[PDB]
Structures are given as structure tokens and as C-alpha cells.
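J.: This is my_file19.pdb (PDB, N, CA and C atoms and all ligand atoms).
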```pdb
ATOM      1  N   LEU A 935      40.163  22.156  16.204
ATOM      2  CA  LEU A 935      38.795  21.864  15.795
ATOM      3  C   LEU A 935      38.672  20.440  15.263
ATOM      4  N   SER A 936      39.615  20.022  14.415
ATOM      5  CA  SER A 936      39.467  18.774  13.674
ATOM      6  C   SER A 936      39.428  17.554  14.584
ATOM      7  N   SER A 937      40.293  17.497  15.596
ATOM      8  CA  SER A 937      40.395  16.301  16.428
ATOM      9  C   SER A 937      39.416  16.338  17.599
ATOM     10  N   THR A 938      39.531  17.349  18.455
ATOM     11  CA  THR A 938      38.683  17.431  19.634
ATOM     12  C   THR A 938      37.235  17.693  19.243
ATOM     13  N   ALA A 939      36.318  17.096  19.992
ATOM     14  CA  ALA A 939      34.886  17.248  19.786
ATOM     15  C   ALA A 939      34.288  18.095  20.905
ATOM     16  N   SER A 940      32.958  18.195  20.896
ATOM     17  CA  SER A 940      32.179  18.885  21.924
ATOM     18  C   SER A 940      32.474  20.379  21.984
ATOM     19  N   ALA A 941      33.137  20.925  20.963
ATOM     20  CA  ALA A 941      33.308  22.371  20.888
ATOM     21  C   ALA A 941      32.026  23.055  20.433
ATOM     22  N   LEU A 942      31.299  22.433  19.507
ATOM     23  CA  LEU A 942      30.062  22.992  18.966
ATOM     24  C   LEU A 942      28.867  22.553  19.811
ATOM     25  N   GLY A 943      28.973  22.806  21.113
ATOM     26  CA  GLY A 943      27.943  22.346  22.028
ATOM     27  C   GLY A 943      26.614  23.050  21.839
ATOM     28  N   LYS A 944      26.647  24.358  21.584
ATOM     29  CA  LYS A 944      25.421  25.152  21.634
ATOM     30  C   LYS A 944      24.481  24.816  20.482
ATOM     31  N   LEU A 945      25.010  24.742  19.261
ATOM     32  CA  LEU A 945      24.164  24.431  18.115
ATOM     33  C   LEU A 945      23.563  23.035  18.239
ATOM     34  N   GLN A 946      24.370  22.065  18.670
ATOM     35  CA  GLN A 946      23.859  20.718  18.870
ATOM     36  C   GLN A 946      22.783  20.693  19.945
ATOM     37  N   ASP A 947      22.961  21.479  21.007
ATOM     38  CA  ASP A 947      21.939  21.546  22.045
ATOM     39  C   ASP A 947      20.632  22.100  21.501
ATOM     40  N   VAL A 948      20.712  23.145  20.676
ATOM     41  CA  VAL A 948      19.503  23.712  20.080
ATOM     42  C   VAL A 948      18.775  22.658  19.254
ATOM     43  N   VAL A 949      19.522  21.947  18.407
ATOM     44  CA  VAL A 949      18.902  20.952  17.537
ATOM     45  C   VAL A 949      18.261  19.844  18.362
ATOM     46  N   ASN A 950      18.961  19.371  19.395
ATOM     47  CA  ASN A 950      18.411  18.309  20.228
ATOM     48  C   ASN A 950      17.134  18.756  20.924
ATOM     49  N   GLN A 951      17.112  19.987  21.438
ATOM     50  CA  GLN A 951      15.917  20.470  22.123
ATOM     51  C   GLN A 951      14.725  20.513  21.178
ATOM     52  N   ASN A 952      14.934  21.031  19.964
ATOM     53  CA  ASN A 952      13.830  21.092  19.008
ATOM     54  C   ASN A 952      13.334  19.698  18.640
ATOM     55  N   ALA A 953      14.261  18.770  18.389
ATOM     56  CA  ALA A 953      13.857  17.420  18.019
ATOM     57  C   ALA A 953      13.073  16.751  19.138
ATOM     58  N   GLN A 954      13.514  16.922  20.385
ATOM     59  CA  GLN A 954      12.803  16.307  21.501
ATOM     60  C   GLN A 954      11.402  16.880  21.650
ATOM     61  N   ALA A 955      11.258  18.199  21.505
ATOM     62  CA  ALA A 955       9.930  18.793  21.612
ATOM     63  C   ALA A 955       8.998  18.247  20.540
ATOM     64  N   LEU A 956       9.479  18.174  19.299
ATOM     65  CA  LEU A 956       8.626  17.668  18.228
ATOM     66  C   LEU A 956       8.262  16.204  18.451
ATOM     67  N   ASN A 957       9.226  15.399  18.898
ATOM     68  CA  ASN A 957       8.965  13.983  19.122
ATOM     69  C   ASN A 957       7.930  13.772  20.216
ATOM     70  N   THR A 958       8.041  14.513  21.319
ATOM     71  CA  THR A 958       7.059  14.343  22.380
ATOM     72  C   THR A 958       5.713  14.947  22.018
ATOM     73  N   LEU A 959       5.664  15.855  21.043
ATOM     74  CA  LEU A 959       4.365  16.252  20.509
ATOM     75  C   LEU A 959       3.735  15.115  19.721
ATOM     76  N   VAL A 960       4.512  14.478  18.844
ATOM     77  CA  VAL A 960       3.957  13.415  18.008
ATOM     78  C   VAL A 960       3.504  12.240  18.860
ATOM     79  N   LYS A 961       4.337  11.858  19.824
ATOM     80  CA  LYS A 961       4.059  10.716  20.696
ATOM     81  C   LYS A 961       2.765  10.807  21.509
ATOM     82  N   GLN A 962       2.241  12.016  21.667
ATOM     83  CA  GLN A 962       1.021  12.226  22.436
ATOM     84  C   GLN A 962      -0.240  11.815  21.695
ATOM     85  N   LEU A 963      -0.125  11.190  20.528
ATOM     86  CA  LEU A 963      -1.297  10.791  19.763
ATOM     87  C   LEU A 963      -1.807   9.404  20.120
ATOM     88  N   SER A 964      -1.073   8.645  20.924
ATOM     89  CA  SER A 964      -1.486   7.303  21.307
ATOM     90  C   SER A 964      -2.094   7.241  22.700
ATOM     91  N   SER A 965      -2.308   8.378  23.349
ATOM     92  CA  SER A 965      -2.839   8.376  24.701
ATOM     93  C   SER A 965      -4.356   8.252  24.692
ATOM     94  N   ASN A 966      -4.876   7.576  25.715
ATOM     95  CA  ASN A 966      -6.303   7.283  25.768
ATOM     96  C   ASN A 966      -7.113   8.507  26.172
ATOM     97  N   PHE A 967      -6.572   9.332  27.066
ATOM     98  CA  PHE A 967      -7.193  10.583  27.499
ATOM     99  C   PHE A 967      -8.547  10.373  28.156
ATOM    100  N   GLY A 968      -8.828   9.166  28.636
ATOM    101  CA  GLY A 968     -10.091   8.876  29.275
ATOM    102  C   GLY A 968     -11.162   8.308  28.371
ATOM    103  N   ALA A 969     -10.910   8.207  27.071
ATOM    104  CA  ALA A 969     -11.852   7.576  26.158
ATOM    105  C   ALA A 969     -11.702   6.060  26.268
ATOM    106  N   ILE A 970     -12.292   5.321  25.333
ATOM    107  CA  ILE A 970     -12.180   3.868  25.356
ATOM    108  C   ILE A 970     -11.109   3.344  24.406
ATOM    109  N   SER A 971     -10.624   4.164  23.477
ATOM    110  CA  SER A 971      -9.572   3.737  22.567
ATOM    111  C   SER A 971      -8.838   4.955  22.032
ATOM    112  N   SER A 972      -7.563   4.755  21.699
ATOM    113  CA  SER A 972      -6.750   5.855  21.196
ATOM    114  C   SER A 972      -7.111   6.206  19.761
ATOM    115  N   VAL A 973      -7.430   5.208  18.948
ATOM    116  CA  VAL A 973      -7.729   5.439  17.540
ATOM    117  C   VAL A 973      -9.179   5.877  17.397
ATOM    118  N   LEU A 974      -9.421   6.805  16.473
ATOM    119  CA  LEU A 974     -10.735   7.416  16.323
ATOM    120  C   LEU A 974     -11.635   6.657  15.356
ATOM    121  N   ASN A 975     -11.060   5.933  14.395
ATOM    122  CA  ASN A 975     -11.877   5.265  13.386
ATOM    123  C   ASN A 975     -12.752   4.182  14.005
ATOM    124  N   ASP A 976     -12.156   3.304  14.814
ATOM    125  CA  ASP A 976     -12.920   2.201  15.388
ATOM    126  C   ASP A 976     -14.002   2.710  16.331
ATOM    127  N   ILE A 977     -13.676   3.703  17.157
ATOM    128  CA  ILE A 977     -14.652   4.216  18.105
ATOM    129  C   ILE A 977     -15.763   4.956  17.376
ATOM    130  N   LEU A 978     -15.450   5.575  16.236
ATOM    131  CA  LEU A 978     -16.491   6.231  15.454
ATOM    132  C   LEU A 978     -17.399   5.211  14.782
ATOM    133  N   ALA A 979     -16.832   4.104  14.311
ATOM    134  CA  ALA A 979     -17.589   3.122  13.547
ATOM    135  C   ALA A 979     -18.125   1.973  14.390
ATOM    136  N   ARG A 980     -17.962   2.015  15.713
ATOM    137  CA  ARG A 980     -18.380   0.910  16.562
ATOM    138  C   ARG A 980     -19.518   1.242  17.516
ATOM    139  N   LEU A 981     -19.865   2.514  17.691
ATOM    140  CA  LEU A 981     -20.885   2.899  18.657
ATOM    141  C   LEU A 981     -21.849   3.909  18.046
ATOM    142  N   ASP A 982     -22.913   4.184  18.796
ATOM    143  CA  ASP A 982     -23.927   5.136  18.381
ATOM    144  C   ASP A 982     -23.405   6.566  18.496
ATOM    145  N   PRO A 983     -24.004   7.499  17.761
ATOM    146  CA  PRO A 983     -23.589   8.911  17.844
ATOM    147  C   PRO A 983     -23.667   9.483  19.253
ATOM    148  N   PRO A 984     -24.692   9.152  20.061
ATOM    149  CA  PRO A 984     -24.772   9.790  21.391
ATOM    150  C   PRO A 984     -23.545   9.591  22.270
TER     151      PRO A 984
ATOM    152  N   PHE B 540      -5.647  -3.471   5.224
ATOM    153  CA  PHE B 540      -4.841  -4.689   5.186
ATOM    154  C   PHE B 540      -4.959  -5.437   6.505
ATOM    155  N   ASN B 541      -5.820  -6.452   6.534
ATOM    156  CA  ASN B 541      -5.898  -7.419   7.628
ATOM    157  C   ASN B 541      -6.078  -6.735   8.982
ATOM    158  N   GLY B 542      -7.152  -5.985   9.100
ATOM    159  CA  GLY B 542      -7.452  -5.317  10.358
ATOM    160  C   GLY B 542      -6.939  -3.903  10.509
ATOM    161  N   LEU B 543      -5.651  -3.689  10.261
ATOM    162  CA  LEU B 543      -5.096  -2.346  10.355
ATOM    163  C   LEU B 543      -5.519  -1.522   9.145
ATOM    164  N   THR B 544      -5.997  -0.309   9.402
ATOM    165  CA  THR B 544      -6.584   0.530   8.372
ATOM    166  C   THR B 544      -5.809   1.832   8.246
ATOM    167  N   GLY B 545      -5.979   2.491   7.107
ATOM    168  CA  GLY B 545      -5.349   3.783   6.916
ATOM    169  C   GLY B 545      -5.534   4.262   5.496
ATOM    170  N   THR B 546      -4.812   5.325   5.156
ATOM    171  CA  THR B 546      -4.848   5.882   3.814
ATOM    172  C   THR B 546      -3.437   6.242   3.386
ATOM    173  N   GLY B 547      -3.224   6.302   2.080
ATOM    174  CA  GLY B 547      -1.939   6.738   1.578
ATOM    175  C   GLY B 547      -1.684   6.229   0.175
ATOM    176  N   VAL B 548      -0.409   6.250  -0.193
ATOM    177  CA  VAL B 548       0.053   5.847  -1.513
ATOM    178  C   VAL B 548       0.892   4.591  -1.360
ATOM    179  N   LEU B 549       0.520   3.543  -2.083
ATOM    180  CA  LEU B 549       1.213   2.268  -2.005
ATOM    181  C   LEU B 549       2.326   2.217  -3.041
ATOM    182  N   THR B 550       3.413   1.539  -2.694
ATOM    183  CA  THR B 550       4.591   1.499  -3.546
ATOM    184  C   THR B 550       5.284   0.167  -3.310
ATOM    185  N   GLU B 551       6.134  -0.239  -4.243
ATOM    186  CA  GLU B 551       6.928  -1.445  -4.061
ATOM    187  C   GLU B 551       8.225  -1.093  -3.344
ATOM    188  N   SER B 552       8.615  -1.923  -2.377
ATOM    189  CA  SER B 552       9.823  -1.699  -1.594
ATOM    190  C   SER B 552      10.636  -2.984  -1.512
ATOM    191  N   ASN B 553      11.814  -2.876  -0.903
ATOM    192  CA  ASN B 553      12.801  -3.951  -0.871
ATOM    193  C   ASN B 553      13.295  -4.195   0.550
ATOM    194  N   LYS B 554      12.369  -4.303   1.499
ATOM    195  CA  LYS B 554      12.758  -4.540   2.877
ATOM    196  C   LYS B 554      12.991  -6.031   3.108
ATOM    197  N   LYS B 555      13.346  -6.382   4.340
ATOM    198  CA  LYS B 555      13.822  -7.717   4.690
ATOM    199  C   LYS B 555      13.067  -8.265   5.894
ATOM    200  N   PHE B 556      11.740  -8.235   5.827
ATOM    201  CA  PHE B 556      10.910  -8.709   6.925
ATOM    202  C   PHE B 556      11.303 -10.122   7.335
ATOM    203  N   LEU B 557      11.364 -10.355   8.643
ATOM    204  CA  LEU B 557      11.567 -11.701   9.150
ATOM    205  C   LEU B 557      10.349 -12.567   8.832
ATOM    206  N   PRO B 558      10.545 -13.876   8.675
ATOM    207  CA  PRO B 558       9.467 -14.730   8.148
ATOM    208  C   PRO B 558       8.183 -14.742   8.961
ATOM    209  N   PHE B 559       8.152 -14.159  10.152
ATOM    210  CA  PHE B 559       6.932 -14.158  10.946
ATOM    211  C   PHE B 559       6.385 -12.764  11.210
ATOM    212  N   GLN B 560       7.055 -11.716  10.743
ATOM    213  CA  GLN B 560       6.647 -10.350  11.036
ATOM    214  C   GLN B 560       5.638  -9.876  10.005
ATOM    215  N   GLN B 561       4.623  -9.146  10.463
ATOM    216  CA  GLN B 561       3.539  -8.725   9.583
ATOM    217  C   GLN B 561       3.756  -7.332   9.007
ATOM    218  N   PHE B 562       3.839  -6.316   9.851
ATOM    219  CA  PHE B 562       3.919  -4.951   9.363
ATOM    220  C   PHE B 562       5.048  -4.210  10.047
ATOM    221  N   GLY B 563       5.741  -3.387   9.274
ATOM    222  CA  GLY B 563       6.862  -2.638   9.783
ATOM    223  C   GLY B 563       6.425  -1.466  10.622
ATOM    224  N   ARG B 564       7.415  -0.726  11.101
ATOM    225  CA  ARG B 564       7.153   0.403  11.975
ATOM    226  C   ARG B 564       8.316   1.372  11.870
ATOM    227  N   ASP B 565       8.113   2.557  12.425
ATOM    228  CA  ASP B 565       9.059   3.652  12.337
ATOM    229  C   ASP B 565       9.516   4.057  13.736
ATOM    230  N   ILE B 566      10.277   5.149  13.804
ATOM    231  CA  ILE B 566      10.775   5.631  15.087
ATOM    232  C   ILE B 566       9.629   6.114  15.967
ATOM    233  N   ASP B 567       8.661   6.814  15.382
ATOM    234  CA  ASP B 567       7.565   7.406  16.134
ATOM    235  C   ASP B 567       6.314   6.535  16.153
ATOM    236  N   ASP B 568       6.456   5.229  15.921
ATOM    237  CA  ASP B 568       5.329   4.295  15.922
ATOM    238  C   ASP B 568       4.274   4.693  14.891
ATOM    239  N   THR B 569       4.736   4.976  13.677
ATOM    240  CA  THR B 569       3.877   5.258  12.537
ATOM    241  C   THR B 569       4.110   4.190  11.482
ATOM    242  N   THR B 570       3.036   3.528  11.058
ATOM    243  CA  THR B 570       3.159   2.403  10.141
ATOM    244  C   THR B 570       3.861   2.826   8.859
ATOM    245  N   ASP B 571       4.825   2.023   8.424
ATOM    246  CA  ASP B 571       5.614   2.346   7.246
ATOM    247  C   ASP B 571       5.498   1.306   6.145
ATOM    248  N   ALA B 572       5.631   0.027   6.463
ATOM    249  CA  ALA B 572       5.544  -1.022   5.464
ATOM    250  C   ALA B 572       4.521  -2.047   5.911
ATOM    251  N   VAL B 573       3.997  -2.803   4.948
ATOM    252  CA  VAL B 573       3.037  -3.864   5.212
ATOM    253  C   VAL B 573       3.418  -5.060   4.350
ATOM    254  N   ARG B 574       2.870  -6.218   4.693
ATOM    255  CA  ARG B 574       3.049  -7.437   3.917
ATOM    256  C   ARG B 574       1.665  -7.953   3.558
ATOM    257  N   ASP B 575       1.300  -7.850   2.285
ATOM    258  CA  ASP B 575      -0.049  -8.217   1.868
ATOM    259  C   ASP B 575      -0.241  -9.724   1.984
ATOM    260  N   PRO B 576      -1.303 -10.182   2.609
ATOM    261  CA  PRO B 576      -1.477 -11.612   2.895
ATOM    262  C   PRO B 576      -2.061 -12.422   1.740
ATOM    263  N   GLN B 577      -1.561 -12.185   0.547
ATOM    264  CA  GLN B 577      -1.971 -12.977  -0.607
ATOM    265  C   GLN B 577      -0.791 -13.489  -1.412
ATOM    266  N   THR B 578       0.320 -12.758  -1.429
ATOM    267  CA  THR B 578       1.515 -13.192  -2.130
ATOM    268  C   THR B 578       2.788 -12.993  -1.322
ATOM    269  N   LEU B 579       2.687 -12.515  -0.080
ATOM    270  CA  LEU B 579       3.834 -12.356   0.812
ATOM    271  C   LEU B 579       4.918 -11.497   0.168
ATOM    272  N   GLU B 580       4.506 -10.353  -0.364
ATOM    273  CA  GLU B 580       5.412  -9.391  -0.970
ATOM    274  C   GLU B 580       5.397  -8.117  -0.145
ATOM    275  N   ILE B 581       6.579  -7.663   0.270
ATOM    276  CA  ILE B 581       6.668  -6.470   1.102
ATOM    277  C   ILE B 581       6.224  -5.261   0.295
ATOM    278  N   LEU B 582       5.639  -4.281   0.973
ATOM    279  CA  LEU B 582       4.940  -3.208   0.292
ATOM    280  C   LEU B 582       5.083  -1.960   1.146
ATOM    281  N   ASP B 583       5.278  -0.808   0.515
ATOM    282  CA  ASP B 583       5.632   0.417   1.212
ATOM    283  C   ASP B 583       4.493   1.423   1.155
ATOM    284  N   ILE B 584       4.450   2.300   2.155
ATOM    285  CA  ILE B 584       3.358   3.244   2.348
ATOM    286  C   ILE B 584       3.930   4.650   2.452
ATOM    287  N   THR B 585       3.333   5.590   1.718
ATOM    288  CA  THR B 585       3.739   6.985   1.698
ATOM    289  C   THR B 585       2.549   7.881   2.026
ATOM    290  N   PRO B 586       2.748   8.963   2.770
ATOM    291  CA  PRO B 586       1.637   9.872   3.053
ATOM    292  C   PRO B 586       1.200  10.632   1.814
ATOM    293  N   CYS B 587      -0.032  11.130   1.870
ATOM    294  CA  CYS B 587      -0.599  11.908   0.782
ATOM    295  C   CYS B 587       0.161  13.223   0.624
ATOM    296  N   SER B 588      -0.222  14.001  -0.383
ATOM    297  CA  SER B 588       0.337  15.327  -0.598
ATOM    298  C   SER B 588      -0.590  16.369   0.008
TER     299      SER B 588
HETATM  300  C1  LIG C   1      -3.445 -18.033  -1.809
HETATM  301  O1  LIG C   1      -4.073 -18.069  -3.069
HETATM  302  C2  LIG C   1      -3.324 -17.377  -4.080
HETATM  303  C3  LIG C   1      -4.158 -17.420  -5.339
HETATM  304  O2  LIG C   1      -5.097 -18.486  -5.299
HETATM  305  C4  LIG C   1      -1.934 -17.994  -4.259
HETATM  306  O3  LIG C   1      -1.207 -17.137  -5.132
HETATM  307  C5  LIG C   1      -0.129 -17.787  -5.835
HETATM  308  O4  LIG C   1       1.076 -17.020  -5.696
HETATM  309  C6  LIG C   1       2.222 -17.593  -6.342
HETATM  310  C7  LIG C   1       3.394 -16.690  -6.033
HETATM  311  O5  LIG C   1       3.079 -15.755  -5.010
HETATM  312  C8  LIG C   1       1.960 -17.736  -7.838
HETATM  313  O6  LIG C   1       3.070 -18.388  -8.447
HETATM  314  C9  LIG C   1       0.690 -18.541  -8.076
HETATM  315  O7  LIG C   1       0.386 -18.570  -9.465
HETATM  316  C10 LIG C   1      -0.480 -17.928  -7.313
HETATM  317  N1  LIG C   1      -1.678 -18.728  -7.494
HETATM  318  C11 LIG C   1      -2.663 -18.382  -8.329
HETATM  319  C12 LIG C   1      -3.829 -19.324  -8.397
HETATM  320  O8  LIG C   1      -2.616 -17.356  -8.999
HETATM  321  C13 LIG C   1      -1.215 -18.118  -2.918
HETATM  322  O9  LIG C   1      -0.035 -18.904  -3.045
HETATM  323  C14 LIG C   1      -2.123 -18.773  -1.882
HETATM  324  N2  LIG C   1      -1.471 -18.845  -0.583
HETATM  325  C15 LIG C   1      -1.073 -17.782   0.127
HETATM  326  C16 LIG C   1      -0.422 -18.082   1.443
HETATM  327  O10 LIG C   1      -1.229 -16.631  -0.270
END
```
Can I see the file as C-alpha cells?

T.:
Amino acid sequence: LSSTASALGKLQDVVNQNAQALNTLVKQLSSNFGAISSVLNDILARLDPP
Amino acid sequence: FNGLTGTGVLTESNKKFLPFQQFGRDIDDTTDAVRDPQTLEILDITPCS
């Protein structure tokens, strides 16, 4: 156990999968989605309500 | 702070901004530190509770 690595493959795989899912969830906040800007404050404060 | 807007808790920090860099960043592209344009002192940002 002490010298050789990659024995604990399964637990590390679980952790990596969870981290990747959470990261790609967070990263989806900068997409335009067809609007004119990703950030909501400027678009709310720059145009009319309609 | 100079165009970029947000909310949170301001704190004093000890980062090492390069002489031309304005605001720091994180792994997920979330603003972390800023440099106030009046005394050039690095400044840290924390989310609310
Ligand atoms: C902008 O103006 C401010 C204030 O007029 C200047 O602030 C000085 O900051 C230094 C250290 O950061 C202090 O030793 C001085 O006493 C401050 N001046 C005053 C009048 O309080 C600042 O240097 C100016 N320039 C910039 C680039 O911010």
C-alpha cells in the first residue's frame, strides 16, 4: 500500500466525477443563452421593462 | 469598484498583484480580490452569510 499508488482507484474516481459535475454546473453561468449579455444587472439597468 | 459591481464583505488581504493587474480571479471565474483605485491597496471579498 505505502509505495505503489493507484490502488484506491474507485474512491478517487467518485470524487473526481462529483467535482467535475459541480464545476460544469457552476461554469454554465457565463453563457449568453441567446440574450444580449450574460450578466443580469447591466441588462436590467440598461433597457426598458418590455 | 471601477465598473465591476457586486455585493459581499470586504476585508484586508496580503496578495501580490503584479503592478498592472486590476482584479484577481478564482478557479471558477468568480471575483475574489480587487485593488481599490485610490491607494493601490489589495483588498479581499467574501460572500454573504
Ligand atoms: C489620488 O489622491 C489621493 C488623495 O488625494 C492620494 O492619496 C494619497 O495616498 C498616499 C498613500 O497611499 C498618502 O500617503 C497620501 O497622504 C494620500 N494623499 C492624501 C491627500 O491624503 C493618491 O496618492 C492619489 N493618487 C492615486 C494614484 O491614487

J.: Calculated over only C-alpha atoms, which of the candidates B:573, B:543, B:582, B:557 has the smallest distance to chain A?

T.: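 Of the candidates, the smallest distance to chain A is held by B:543.
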
J.: Hey, which residues sit close to ligand LIG 1 (chain C)? Say within 8 Å, counting only N, CA and C atoms and all ligand atoms, and write them as a PyMOL selection string.

T.: chain B and resi 575-580

J.: With the file shown as input, list the residues that the PyMOL selection byres ((chain A) within 8 of (chain B)) selects, as a PyMOL selection string.

T.: chain A and resi 957+960-961

J.: Interatomic distance between atom N of residue 586 of chain B and atom C of residue 548 of chain B?

T.: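 Taking atom N of residue 586 of chain B as the start and atom C of residue 548 of chain B as the end point, the length is 6.3 Å.
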
J.: Can you list every residue in chain A that DSSP puts in alpha helix (DSSP H), as a list in words?

T.: residues 943, 944, 945, 946, 947, 948, 949, 950, 951, 952, 953, 954, 955, 956, 957, 958, 959, 960, 974, 975, 976, 977, 978, 979 and 980 of chain A

J.: Return the single residue from B:588, B:571, B:563, B:581 that is closest to residue 551 of chain B, with distances computed using all atoms listed in the file.

T.: B:581

J.: Can you work out which one of B:552, B:541, B:561, B:546 has the shortest atom-to-atom distance to residue 583 of chain B, counting only C-alpha atoms?

T.: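 Comparing B:552, B:541, B:561, B:546 against residue 583 of chain B, the winner is B:552.
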
J.: Using only C-alpha atoms, which protein or nucleic acid residues come within 10 Å of residue 963 of chain A? Drop anything in the same chain fewer than 5 positions from it, and give the result as JSON, numbers by chain.

T.: {"A": [958, 972, 973]}

J.: How far is it from atom CA of residue 540 of chain B to atom CA of residue 977 of chain A, in Å with one decimal?

T.: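 A separation of 18.5 Å between them.
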
J.: Quote the spacing between atom CA of residue 983 of chain A and atom CA of residue 971 of chain A in Å to one decimal place.

T.: 15.7 Å

J.: Taking all atoms of segment 540-551 of chain B that the file lists and extending 3 Å past them on each side, where is the centre of the axis-aligned box and how long are its edges? Answer in Å to one decimal, as lines of an AutoDock Vina configuration file.

T.:
```
center_x = 0.4
center_y = -0.3
center_z = 3.1
size_x = 21.7
size_y = 20.2
size_z = 20.8
```
